[PDB]
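1. Here is the input, now give the coordinates:
(chains A and B, ligands or ions: 2)
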There are 2 protein chains.
Amino acid sequence: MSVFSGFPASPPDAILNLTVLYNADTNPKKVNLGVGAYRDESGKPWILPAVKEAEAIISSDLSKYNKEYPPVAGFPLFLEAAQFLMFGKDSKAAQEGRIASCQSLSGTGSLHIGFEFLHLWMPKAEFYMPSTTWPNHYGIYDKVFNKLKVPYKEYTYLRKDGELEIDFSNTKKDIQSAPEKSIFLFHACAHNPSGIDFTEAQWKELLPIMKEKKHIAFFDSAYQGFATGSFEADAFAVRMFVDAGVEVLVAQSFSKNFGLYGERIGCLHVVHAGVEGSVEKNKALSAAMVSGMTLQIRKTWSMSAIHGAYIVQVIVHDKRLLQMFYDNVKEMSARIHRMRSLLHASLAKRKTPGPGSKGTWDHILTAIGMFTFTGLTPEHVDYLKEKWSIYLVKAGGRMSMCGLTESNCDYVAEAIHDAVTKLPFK
Amino acid sequence: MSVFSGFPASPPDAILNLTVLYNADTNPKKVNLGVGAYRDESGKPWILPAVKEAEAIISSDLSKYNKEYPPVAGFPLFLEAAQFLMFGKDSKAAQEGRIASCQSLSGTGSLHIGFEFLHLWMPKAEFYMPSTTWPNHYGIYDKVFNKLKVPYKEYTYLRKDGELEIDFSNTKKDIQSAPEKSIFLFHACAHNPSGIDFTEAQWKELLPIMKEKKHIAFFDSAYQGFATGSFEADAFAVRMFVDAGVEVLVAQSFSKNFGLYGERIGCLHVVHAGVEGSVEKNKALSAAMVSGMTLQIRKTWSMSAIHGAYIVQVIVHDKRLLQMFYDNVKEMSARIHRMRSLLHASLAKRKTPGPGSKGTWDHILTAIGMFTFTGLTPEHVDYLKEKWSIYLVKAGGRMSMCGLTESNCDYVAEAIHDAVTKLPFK
Ligand SMILES: Cc1ncc(COP(=O)(O)O)c(C=O)c1O
Ligand SMILES: Cc1ncc(COP(=O)(O)O)c(C=O)c1O
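-> Residues are numbered from 1 along each chain as shown, chains lettered A, B, ... in the order given. Ligands and ions are numbered 1, 2, ... in the order given. Find the structure here:
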């Protein structure tokens, strides 16, 4: 006799829930390789030194860092800081009045508002995902578009034979053969889950196709800093497209690079072609678009969260803190690279069988970003969880290298050797 | 030739934009009476002493108060804090497993998720708004339901003739005449914008209608602590409805009572009737409902923001800080009352003509919450802004009493006298 009787239990999120099951596990040798969240040498969360300093500043002056509603698009200093990190200082696009920027709720919140923005303005534009992508891209898409009314489309990313390589000849054909003015979701770098990226050369081949077809590039940029360790370099494809006049959106998260996961801080940008006929007309169009983004947000969560905005704007606008921040990101990247070499060496030492035709583990060494798409099967993943207390993502056997430490790499290598010995690859 | 060419400008929010305009205004006698945001004796943002203490606690240990992704429903201590404040300590509803709680992005984000929760679960249920309500409710509603495909209905709230009294006879007819199992949006206390509330006696009359018709009550509760100045009393309607077995949702904001406006911290509750057959089955239903809310959120902004959650939980679970918090909220209510008296005295001393049949300003004294629904006309509001740099909400001449001070009340009264003498009431 309840109106809620029979309400269905939704399974927990296949990635986020791993941390929950992990925290609950009482095995002292447990290892968390699930969610892409940085961990230090001891396997623990890490506050970036630049963020620790920012906290000291903003927690010391609550008159200045007060708790009132922010401007609807975000604090100007935060928006300038965001543009600076993504597009560079005083970029061409900014000078020309082409960037429409609006604070949102980290990457996911920027995707949600960015997807809706496009679905409202261009309801007949086809929306293309790479054939492998972050699973939550599907959910965010569904709530905005409704997969049943407006199915997403796909472009070729990894080879259909399984091997960890972009089938780029087919990528190009798919983007070329798509209808003009379609939207293409791209990871800016450190493609998640595959760890395989377009090279510079390949992005350059995409460029003229995007131009001829007048396609919109939608970049998801959550790992700026984690591909090459260099901010500038990791924005290559975004800045190249913009400079060439490709029209773009960017969903920019600061969860991973600033380690501000729970603060829920990021920025959505739209960069138009700059062809309105004057700088002032470009700015008017940019402002119009920010006004549309803020109206959307107004009806969803009113306006965005200040604490993470304060942290980012304080760091980027202080010359000392900004350099510390760059160095902190370089340090995380370097530890991840260390764990790649160490896990690999421990697997090689054991002559552990691997996936694919080659049957090797060299892909651990060459993956870009936080993860390796290991190739371990669903059976391997369950076994590693149940017998060894090692938590991987089931799909693709995605491994977060940040959970590895000098103390546990050989333990992880041993568990894998056991898993693959007891259930060989087909 | 841009794909964004012709994108329309959306006008600024009519309430939030008042702070933007007020901030740009160079007139040193400017008065902000727009957004309902507490201000102290000097007209400045006020960090609650309880919040100041909480900040020092959480800013001092960033390992304990880390920046990792929170649990998808929110920290258990926060959820417990939120339930305690709304329903009481170890409520009968909690003991029976009837409460499903999920952190959300303050009031607005709680309404969004709660509106969508019901529209997904009970798509055929009619949704009823009071005939006067918070403007953003219409927009929150439009994004979930689509105003044009699925219009909201209304129940009678204020009298046809414009006078500040609820036409309670028609309120009951309207709720009695609606199809059974309809959804009614209610303000828990301090109805915004009118400042006129159902009395305890009126709420008790609505109870049997709600039971008989098996309606769902959706409570918007942002002002607990600002109506009667007592948390317990301000949750009367919610607690009475739940104790009687009315199934409710509550969208609970900590923007105003904790002064955490910009942190974006609130909680969504669904309280089912607890007829699943056991406490465990009640809890299983509640958890399933939480699982749906968190799936919604996953697709929208992933999970909610930690900083405000930390402040609230730290306050509520420390006996000294909770008492300090309660004292702090009383101090805010007390200042508002003193400003009601001072502004009313300053109008009365000038024999300033008032709106309505009575033509008096007494409704300044009796309004509940932060506002007075003044009845100044849109011509008056525009005149007060242009000639006196006083910022009010155009709709109903809603005035935020929180912007008044000992220094500026007489100025506001002189200005109102001028506006009303030049532009007499029809
Ligand atoms: C590729 C990608 N996009 C978006 C996100 C969104 O994460 P968040 O909402 O914390 O920014 C993530 C990380 O989870 C990601 O890896
Ligand atoms: C009547 C009413 N409902 C809901 C809200 C929610 O505001 P917020 O999103 O800051 O919690 C408020 C605040 O403006 C309010 O006054």
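2. Give me every residue in chain A lying close to ligand 1.
-> By CB under 6 Å from any ligand atom, the part of chain A that sits against ligand 1 consists of A:36, A:106-108, A:134, A:187, A:192, A:220, A:222, A:253, A:255, A:261, A:266. Every residue, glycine included, has its C-beta placed from N, CA and C.
3. what's the farthest-apart pair in these?
-> Longest distance between any two of the residues of chain A next to ligand 1 is 18.5 Å, between A:187 and A:261; criterion CB to CB.
4. Tell me, how many residues neighbour residue A:305?
-> Other residues lying near residue A:305 total 30 when counted by other CB atoms under 10 Å in any protein chain shown.
5. For it, give me its contacts.
-> With contacts defined as CB atoms under 8 Å, 6 or more residues apart in numbering or on different chains, residue A:305 is in contact with A:105, A:263-265, B:105, B:262-264, B:305, B:307-308.
6. closest to residue B:359 among these?
-> Taking CB to CB as the measure, residue B:262 is the one of those closest to residue B:359, at 40.1 Å.
7. And the biggest helix by length in chain A, what's buried?
-> For chain A, the longest helix by residue count, based on DSSP state H, is helix A:319-349. For helix A:319-349, a neighbour-count test (16 or more other CB atoms under 10 Å in any protein chain shown) marks A:321-322, A:324-326, A:328-329, A:331-333, A:335-336, A:338-340, A:342-347 as buried.
8. ok, now stretch A:373-390?
-> Under the neighbour-count criterion of 16+ other CB under 10 Å, stretch A:373-390 has A:373-377, A:380-381, A:383-385, A:388-390 buried.
9. which other residues reach it?
-> Counting by CB under 8 Å, 6+ apart, the neighbours of stretch A:373-390 from elsewhere in the structure are A:21, A:25, A:27, A:29-31, A:33, A:162, A:164, A:193-196, A:354-356, A:363-364, A:367, A:391-394, A:396-399, A:411-412, A:415-416, A:418-420, A:422-423, A:425.
10. Take those and keep only those in strands.
-> Judged by DSSP state E, these include A:31, A:391, A:398-399 as members of strands.
11. Return the closest of the residues you listed with respect to ligand 1.
-> Distance to ligand 1, by CB to the nearest ligand atom, is smallest for residue A:398 among the ones in strands among the contacts of stretch A:373-390, at 10.8 Å.
12. what about that closest one, how many residues close to it?
-> The burial metric for residue A:398, expressed as a neighbour count using other CB under 10 Å, is 24.
13. One more: the one 5 residues further on?
-> Around residue A:403 sit 25 other residues, with neighbours defined as other CB under 10 Å.
14. just checking, it touches residue A:43?
-> Yes: using CB atoms under 8 Å, residue A:403 and residue A:43 qualify as a contacting pair, with a distance of 6.6 Å.
15. Overlap in contacts, those two.
-> Among the neighbours of residue A:403, those also in contact with residue A:43 (CB under 8 Å, 6+ apart) are A:31-32.
16. so where do the helices sit in the stretch 151-300 of chain A?
-> Along the stretch 151-300 of chain A, counting by DSSP state H, counting those that start in this stretch, helices occupy A:168-177, A:200-213, A:231-234, A:236-243, A:279-298.
17. packing partners for the helix or strand that the longest one is followed by?
-> When you say that, I think you mean helix A:279-298. With elements assigned by DSSP states H and E, the helix or strand that comes after helix A:279-298 is helix A:306-316. Helix A:306-316 is packed against helix A:49-60, helix A:76-87, helix A:319-349, helix B:306-316, with contacts defined by 3 or more CB pairs under 8 Å, 6 or more residues apart in numbering or on different chains; DSSP states H and E.
18. Next, count neighbours for the residue in the stretch 1-150 of chain A positioned nearest to ligand 2.
-> With CB to the nearest ligand atom, the shortest gap between the stretch 1-150 of chain A and ligand 2 falls at residue A:69, namely 6.9 Å. For residue A:69, the tally of surrounding residues (other CB under 10 Å) stands at 18.
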